[PDB]
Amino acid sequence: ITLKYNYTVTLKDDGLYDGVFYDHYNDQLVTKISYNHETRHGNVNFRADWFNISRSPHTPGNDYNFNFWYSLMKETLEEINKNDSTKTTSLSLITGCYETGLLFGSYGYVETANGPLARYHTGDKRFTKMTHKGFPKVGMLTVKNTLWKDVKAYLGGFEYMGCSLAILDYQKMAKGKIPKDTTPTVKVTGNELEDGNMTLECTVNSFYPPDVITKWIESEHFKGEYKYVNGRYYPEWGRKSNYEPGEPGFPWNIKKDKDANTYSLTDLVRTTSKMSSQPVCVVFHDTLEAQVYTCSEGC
């Protein structure tokens, strides 16, 4: 399952700054809020019929602190645009959590129309660069800001525990009103992209909760038994991206397959000779907490 909050202010054409907020449970829209220019505050434009916000104590109040964020983000966007080498169309606050099979975590980062900017770390209680480029310490991004204390509380708190608690209330109220869980079909293929030696392709077919995570682990680590043991440690051949798996910004080749509620995924891996066991594909999804899949050459 997944819970994602998206706050976005845009410079739009010429003039005002627009603001929108989206609350998504899995791929289901739960709430939409936009900044009303006439009134000067947000308005709920959409609310899923199955979500009784009163039964979700951990969903932020004041319409998700929209006015607070819109305003502070507007401020941040203005400052960001002063150094003409940063000027951007819009700014987004991406925060939420997930329970993908055995895996689970939360996130909170700020991205720009130009790409990821800064990630908020619950431990250090501050933002950290997501790119070598760094990020401008302005607006909601610096401790210098007078409202920093609110940022820590609203963003940090939600990411620290609020979200993980809330996601469970959504699940309860969603039980019957959304696509049913659907177990995928997995197959790992050992093709070969010509120039390089070998290539492994893990493909997961039509699974419902759209969140899926994949881990490539050298088979030696399974000491003969191909089961992923929960608390056990495993070295894992990390992927290269500015995003960390779990954050909606992570590049997963997922497409909603043909007329249906289900989704499909294809994950490729460069079997460079650096290794020494040939990875096996470990798939994390709601159905099948965590299964291991093998074979190359083409299985």
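Residue numbers here begin at 1 and follow the sequence given.
> So 290-298 or 1-9, which one's hotter by mean CA B-factor in the entry?
The recorded data point to 290-298.
> Look up the CA B-factors in the entry and say which stretch, 158-166 or 82-90, has the higher mean.
Averaged over C-alpha atoms, the B-factors run higher in 82-90.
> So among 205, 128, 171, 197, who wins on Cα B-factor in the entry?
Of the candidates given, the C-alpha B-factor peaks at 197.
> When the CA B-factors of 65, 264, 31, 273 are compared as recorded in the entry, which is the largest?
That would be 273.
> Taking the C-alpha B-factors as the PDB entry records them, is residue 247 in the lowest, middle or highest third of its chain?
Residue 247: CA B-factor falls in the lowest third of its chain.
> Just say lowest, middle or highest third for the CA B-factor of residue 178 relative to the other modelled residues in its chain.
Its C-alpha B-factor, which the entry lists for residue 178, ranks in the middle third among residues of this chain.
> Of the three thirds of its chain by CA temperature factor, lowest, middle or highest, which one includes residue 254?
For residue 254, whose C-alpha B-factor we compare with every modelled residue in the chain, the answer is the lowest third.
> Could you look up the Cα B-factor of residue 231 in the entry and say which third of the chain it sits in: lowest, middle or highest?
For residue 231, whose C-alpha B-factor we compare with every modelled residue in the chain, the answer is the lowest third.
> Based on the entry's values, in what third of the chain does the Cα temperature factor of residue 215 lie: lowest, middle or highest?
Its C-alpha B-factor, which the entry lists for residue 215, ranks in the lowest third among residues of this chain.
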